[PDB]
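From first to last, the protein sequence lines stand for chains C and J.
Plus 557 on top of the position in the first sequence (first one is 1) and you've got the authors' numbering.
Just so you know, the authors' numbering puts 31 at position 31 of the second sequence, and the rest follows in order with no gaps.
All residues carry an ideal CB built from backbone N, CA and C; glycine is no exception.
Here the structure comes first, spelled out in structure tokens, and everything after it is commentary.
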Amino acid sequence: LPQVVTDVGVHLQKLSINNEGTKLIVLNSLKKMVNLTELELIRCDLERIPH
Amino acid sequence: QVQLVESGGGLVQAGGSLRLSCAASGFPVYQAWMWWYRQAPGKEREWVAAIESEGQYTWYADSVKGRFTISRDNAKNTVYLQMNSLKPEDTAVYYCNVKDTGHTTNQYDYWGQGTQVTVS
């Protein structure tokens, strides 16, 4: 997840990431956003629900 | 473009350990379901090893089941195949085969150049 996306997610309502099966790592990067209503993660290959 | 090159093929006495390697191209090694094929002299080309994408499941023919181990290694775009205690029937020419391309542009299938392995 980019730094710019994390910065802009402070006022983001819907976040959608379609990684096409590419492995994605959050590494404690979503707690910055607290106004998100949608967190679609299609084909993010998480293998684990992020903490 | 997309291309594959075989390496590690060479003559070796029976009972030795061989580690064939392949040099791949822009198509992801993590993706691009991959094959290790053999063509034996006085025989028709027959599939040996199969490594899958998104799960890394191994497939083998019955004649090559038990003493052949295939794997795909990323961050270097490599496909490896280890044979231990090869029997005289293993003498053939081994290729790397791509039947599915990468995530995008899904380019056609290309056969590898191949290396000849001999068992004495």
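Against chain J, the beta carbon of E577(C) has neighbours under 7 Å at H103, listed in chain order. In the same chain as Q570(C), and ignoring 5 residues on each side of it, the C-beta atoms closer than 6 Å to its own belong to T594, in chain order. Measuring C-alpha to C-alpha distances from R19(J) to each of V5(J), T104(J), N84(J), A75(J) identifies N84(J) as the nearest. Residue pairing of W59(J) in beta bridges, as defined by DSSP: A50(J). Using a Cβ-Cβ cut-off of 9 Å, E54(J) is close to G578, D602 of chain C, given in chain order. Cβ-Cβ distances below 6 Å link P28(J) to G102 in the same chain, with the five nearest sequence neighbours on each side left out; the list follows chain order. In the structure shown, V2(J) falls within a coil segment according to DSSP collapsed to helix, strand and coil. Beta-bridge analysis with DSSP links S573(C) to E597(C). Residue pairing from DSSP places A23(J) in a beta bridge opposite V5(J), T78(J). Distances from the CA of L81(J) to each of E6(J), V2(J), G55(J) were compared; the closest alpha carbon is that of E6(J).
Rounded to whole angstroms, the Cβ separation of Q13(J) and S120(J) is 5 Å, and the two are in contact under 8 Å. Close CB contacts of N74(J) within its chain, under the 8 Å cut and outside five residues either way in sequence, are with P28, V29, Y30 (chain order).
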